[PDB]
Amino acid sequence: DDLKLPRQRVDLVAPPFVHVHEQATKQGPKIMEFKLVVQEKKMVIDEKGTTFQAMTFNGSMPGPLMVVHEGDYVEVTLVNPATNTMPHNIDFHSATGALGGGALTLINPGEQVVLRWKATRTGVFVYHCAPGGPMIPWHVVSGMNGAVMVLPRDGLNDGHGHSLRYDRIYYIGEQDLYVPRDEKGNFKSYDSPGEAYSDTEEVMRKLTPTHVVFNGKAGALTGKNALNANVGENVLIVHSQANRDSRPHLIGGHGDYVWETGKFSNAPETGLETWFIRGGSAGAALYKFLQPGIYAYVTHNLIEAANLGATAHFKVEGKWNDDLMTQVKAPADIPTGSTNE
């Protein structure tokens, strides 16, 4: 027991929600204990019921958000149950050495491993499976990726000596999928990940996804699963993309404070319309809602947003501010005395 710090078990929750945590803390460094269980399973990924052979951490795309503070030690039990067919591992972009932990965590079905890494760098970071060679992109685009957030011990700041505090936090994991089609253009179904591999690799090689989804399926965060907020609330939106660039945009809002490279040692940019998550990274945006109603959160490639599945909804409760925006005149017939050339 060389490392004599208090230990604290964390129970992960399914995205887009985030386990209980403190923003600012005066506790010393702890050993934060997390468990991730690999689950290979068929999942539905679009509103027409298209299925595909997914591989996940904890049964979700993305994998759950892990939240720790700078100077904590993160002790991760990775479990690969004997119902799975492939070896798996985990690479933390937040960690230093051994390919992020990938070189120390390769496990066959029936095995588990315990990795500890010190959280020396603040920000939001991708974690993903990375077995070796062509298996790396295949496991990642099959759904084996998540994020970890390392907060400063004093919580967030605006980079100019003022504290920032969120009222609410959501984790939006964006996934690019490569689903094979038959000669007529219909999506193909398979009975195992292994059977899907050869056809999937051919789609992957052309670098155009068939689907781009938040929280694992088209429409996952719309309708009854819309994200909730209130006028006046400061909401932190963590966005990750393990493989492909994304350009997040809150329709009818802004990013008040945006870390687009996702690292809290850098001052955020202010008042962004659209921001940029580079493939293999996580970013974060803080917005204070000023108007009630429906907001669409999209990647602002609008083809991907509207036609390939990458749209989420916020439903915001509160009172409308007619000073910020108003309909002066409702739709009406163009006046007869109008000239419109």
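Whichever C-alpha set is largest while still superposing within 1.5 Å between the two forms counts as the rigid core. Sequential numbering from 1, following the sequence displayed.
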query	finding
More variable segment, 313-321 or 329-337 [Cα RMS over structures in 9 other deposited structures of this protein, core-superposed]	329-337
207-215 versus 223-231 - which carries the larger mean C-alpha B factor in the record	223-231
Comparing 194-202 with 143-151, the one whose average Cα B-factor in the PDB entry is higher	194-202
Deposited CA B-factor, highest of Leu177, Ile237, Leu164, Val126	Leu164
Which of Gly283, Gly63, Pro29, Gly280 ranks first by CA B-factor in the deposited coordinates	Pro29
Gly185, C-alpha B-factor rank within chain (lowest, middle or highest third)	highest
Third of the chain, ranked by Cα B-factor, where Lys315 sits	highest
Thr51, C-alpha B-factor rank within chain (lowest, middle or highest third)	highest
Modelled-residue ranking by C-alpha temperature factor, third containing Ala98	middle
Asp158 - Cα temperature factor, lowest/middle/highest third of chain	highest
